[PDB]
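K.L.:
Using the authors' numbering, the letters of the sequence shown map in sequence onto residues 697 to 747, 750 to 861, 876 to 998, 1004 to 1019.
Let me begin by handing over the structure; questions about it come next.
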Amino acid sequence: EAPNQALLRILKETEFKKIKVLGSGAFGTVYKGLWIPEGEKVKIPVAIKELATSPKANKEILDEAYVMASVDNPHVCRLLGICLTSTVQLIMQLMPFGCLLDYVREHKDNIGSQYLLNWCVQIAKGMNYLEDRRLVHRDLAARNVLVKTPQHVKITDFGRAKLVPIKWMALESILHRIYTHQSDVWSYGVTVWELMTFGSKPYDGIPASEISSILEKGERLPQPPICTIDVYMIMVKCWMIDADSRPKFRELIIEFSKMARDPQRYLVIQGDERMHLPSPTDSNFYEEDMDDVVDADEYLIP
Ligand SMILES: CC(C)n1cnc2cnc(Nc3ccnc(-c4cnn(S(=O)(=O)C5CC5)c4)n3)cc21
């Protein structure tokens, strides 16, 4: 197929500064930082990811670097560069509001129908882009959707992306290790469920070994209280046995866009519209010299 002419930017250790740890886990360790390149007079807020110097960890992270450097869409996370230390770290855009899963849990009392429906549109757009680029994510979940601003989300974690999260997986994946754009659609359905429930754990308490049997019997995730039959019916279509019967991401963009034009017809939330989340038009929305600070989305290169 087509040659991948993406550029892999090697960044000097001296070009950036680690400020603090943002999070640790199975995924590794992610740090908050500032990237001050050459004599550019720019300060880019960044996130630095790394998993002992084991040859396997460097191999797996460089595989993620490959995919992350190959993507370029507003609703997908691109790699800014890599730093060749003993560990080898990924330099990415700082998403100041963290993952969407923690955001929906921590801000439920201020999340309205407009915000929820727009997130669904944005995830579908990012996902449709990955389909256009012939990439199968294989790990779409609310934990892998990061928040740049409450009005702007992006898909990340390309560590499993190809050209075990059982509770997010399509039945074909669990039983036969079959991954397609239509298996990502199933994971999209589960991600939407996580959002509408304000971060509930799918099939909470049920062990992963039971899931396969539960789905085979015809059991699916329940209808969230805020969801109209209109929104739940979409989620249900994402969880059909026949992958080709599931909607396409381009159809999910359309469906949720129509709904995002009249959000109170499709999501019933007590105290809707009166709710408000931070905006780039808010006071103190943007710790150091805020002079010369440029977001990665505005710091471009040929
Ligand atoms: C711990 C992590 C979720 N986190 C917390 N506050 C953050 C602020 N900004 C980013 N920035 C990016 C940008 C693009 N990709 C990532 C990225 C890729 N993989 N991961 S992960 O493995 O931490 C993911 C599973 C939670 C994050 N982070 C990541 C942040």
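Built from N, CA and C at the ideal position, the CB exists for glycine as well.
By how many angstroms is the C-alpha of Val851 removed from the C-alpha of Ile740?
P.N.:
For the pair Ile740 and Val851, the Cα-to-Cα distance works out to about 19 Å.
K.L.:
Would you call the segment 818-830 in contact with the segment 767-777, where contact means no fewer than 3 C-beta pairs closer than 8 Å?
P.N.:
yes
K.L.:
CB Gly901 to CB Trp951, shorter than 7 Å?
P.N.:
yes
K.L.:
Quick one: is the Cβ of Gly983 within less than 6 Å of any heavy atom of ligand 1?
P.N.:
no
K.L.:
Counting C-beta neighbours from all protein chains within 10 Å, is the total for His888 16 or more, i.e. buried, or is it exposed?
P.N.:
exposed
K.L.:
Could you name the residues of the same chain whose beta carbon sits closer than 8 Å to that of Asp837, not counting the 5 residues immediately before and after it, in chain order?
P.N.:
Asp855, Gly857, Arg858, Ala859, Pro877, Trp880, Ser899
K.L.:
Going along the chain, which residues of its own chain have a beta-carbon closer than 8 Å to the beta-carbon of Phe910, five neighbours each way excluded?
P.N.:
Short of 8 Å from the beta carbon of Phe910, and not among the five residues preceding or following it, lie these beta carbons of its own chain, in chain order: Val802, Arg803, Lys806, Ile809.
K.L.:
Would a C-beta distance cut-off of 7 Å place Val904 and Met945 closer than the cut-off?
P.N.:
no
K.L.:
Report yes if the C-beta of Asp770 is less than 6 Å from at least one heavy atom of ligand 1; otherwise report no.
P.N.:
Distance from the C-beta of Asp770 to the nearest heavy atom of ligand 1 is not below 6 Å.
K.L.:
What is the residue span of the beta strand (DSSP E) that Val742 lies within?
P.N.:
740-746
K.L.:
Is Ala698 buried or exposed, if buried means 16 or more other CB atoms sit within 10 Å of its CB?
P.N.:
exposed
K.L.:
Cβ atoms of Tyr891 and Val843: under 7 Å apart, would you say?
P.N.:
no
K.L.:
Judging by CA-CA distance, which residue of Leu883, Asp994, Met793, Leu799 is the nearest neighbour of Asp954?
P.N.:
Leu883
K.L.:
With ligand 1 as the reference, list in chain order each residue whose Cβ lies under 6 Å from any of its heavy atoms.
P.N.:
Those residues, listed in chain order, are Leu718, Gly719, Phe723, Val726, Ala743, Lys745, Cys775, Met790, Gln791, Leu792, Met793, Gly796, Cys797, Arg841, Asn842, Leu844, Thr854, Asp855.
K.L.:
If you draw a straight line from the C-alpha of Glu1015 to the C-alpha of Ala920, how long is it?
P.N.:
42 Å
K.L.:
With DSSP as the reference, identify every bridge partner of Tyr813, one or two as the case may be.
P.N.:
Answer by DSSP bridge pairing: none, since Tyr813 is not bridged.
K.L.:
Find out if the Cβ-Cβ distance for the pair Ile938, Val980 is shorter than 7 Å.
P.N.:
yes
K.L.:
Taking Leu704 as the reference, give the member of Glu711, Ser720, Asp761 with the closest Cα.
P.N.:
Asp761
K.L.:
Answer with buried or exposed for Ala750, where buried requires no fewer than 16 other C-beta atoms within 10 angstroms of its C-beta.
P.N.:
If you draw a 10 Å sphere on the C-beta of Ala750, you find fewer than 16 other C-beta atoms in it, and that means exposed.
K.L.:
Taking DSSP's pairing of strands, which residues face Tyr727 in a bridge?
P.N.:
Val717, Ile744
K.L.:
Can you give me the C-alpha to C-alpha distance between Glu967 and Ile821, rounded to a whole angstrom?
P.N.:
13 Å
K.L.:
Between the beta-carbon of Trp731 and the beta-carbon of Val717, is there less than 7 Å?
P.N.:
no
K.L.:
I need the straight-line Cα distance from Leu707 to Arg986, nearest angstrom please.
P.N.:
45 Å
K.L.:
Compare the C-alpha of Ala839 against each of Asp896, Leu815, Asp770, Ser957 and name the closest.
P.N.:
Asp896
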